[PDB]
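There is one chain below, alone, in structure tokens, taken in the form deposited in one PDB entry.
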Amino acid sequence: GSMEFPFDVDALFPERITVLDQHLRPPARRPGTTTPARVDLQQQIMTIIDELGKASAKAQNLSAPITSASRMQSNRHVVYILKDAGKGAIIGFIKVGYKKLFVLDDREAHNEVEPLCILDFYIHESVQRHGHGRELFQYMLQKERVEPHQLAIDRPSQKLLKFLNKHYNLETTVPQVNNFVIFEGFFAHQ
């Protein structure tokens, strides 16, 4: 069963996919809604992002999370949170950001670029492989306004590489020495 919290997630996140940045801005509601204080709502969001980061860390066999509320506030990352039993539940998230990279082309030459990067990506195990990952990824691409092949991927797992191959035909890679993966077509757009 997906991730449940001691507060009303549906009240907190009206949309199915919630977009948050360093501001950690609680989504607007409608007038009928009375609301808890903003500081409290932000704390709820901070807890959600902390727990998501930890769960993603467990899924990826990481000894420490790469996504946290604290990290979100001190960086320029964007998280897209997919939400799902009165309290509501969280299915998963994807986190992106622009990063400066020293990238190898097909001629083993290093190029300074700053592409959009897929930094963290997680769907709760109970409902993995149900198409939820694609749902998040499609929404992100649209909002971020980028093509799949324009992306750099930070340490992509075996699951993600299949995911990208199936859904976007990202198959051929240009080997890197950092732990980022780029795909054929990455440099044409550069």
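Note that residue numbering follows the sequence shown and begins at 1. The term rigid core refers to the maximal set of C-alpha atoms that superpose within 1.5 Å between the two forms.
- After a core fit, the C-alpha atoms in 7 other deposited structures of this protein lie farther on average from the shown form in one of 167 to 175 and 6 to 14, namely 167 to 175.
- Greater average departure of CA atoms from the shown form, over structures and residues in 7 other deposited structures of this protein after a core fit, characterises 39 to 47 among 140 to 148 and 39 to 47.
- Among other deposited entries of this protein with both flanking residues present, none omit coordinates for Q158; it is modelled throughout, well short of a third.
- Modelled in this chain, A89 is likewise built in all the other compared entries whose models extend past it on both sides, so a third of them omitting it does not occur.
- In the deposited entry, the stretch joining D84 to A85 is interrupted by 4 to 9 residues of the deposited sequence lacking coordinates.
- When 89 to 97 is weighed against 115 to 123, 89 to 97 comes out higher, by mean CA B-factor as recorded in the entry.
- Between 102 to 110 and 75 to 83, it is 102 to 110 that carries the larger average Cα temperature factor according to the deposited entry.
- When the C-alpha B-factors of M46, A28, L164, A59 are read from the PDB record, the largest value belongs to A28.
- Looking at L20, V181, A11, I17, the one whose CA carries the top B-factor in the deposited record is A11.
- Sort the modelled residues of the chain by CA B factor and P148 lands in the middle third.
- Sort the modelled residues of the chain by CA B factor and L160 lands in the lowest third.
- The PDB entry assigns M140 a C-alpha temperature factor belonging to the lowest third of its chain's modelled residues.
- Among the modelled residues of the chain, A37 sits in the highest third by CA temperature factor in this PDB entry.
The same protein also has a form solved in complex with a partner chain, omitted here; what follows describes it.
- When contacts are judged by a 4.5 Å heavy atom cut-off, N165 does not count as touching the partner chain in the deposited complex.
- In the deposited complex, the partner chain sits within 4.5 Å of a heavy atom of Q60.
- The closest heavy atom approach of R71 to the partner chain in the deposited complex falls within 4.5 Å.
- Although the partner is absent here, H77 lies within 4.5 Å of the partner chain in the deposited complex, judged by heavy atoms.
- Proximity to the partner chain in the deposited complex, defined as a heavy atom within 4.5 Å, singles out one entry of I90, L116, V113, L119, which is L119.
- Contact annotation for the candidate site: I66, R155 and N178 all lie close to the partner chain in the deposited complex (heavy atom within 4.5 Å).
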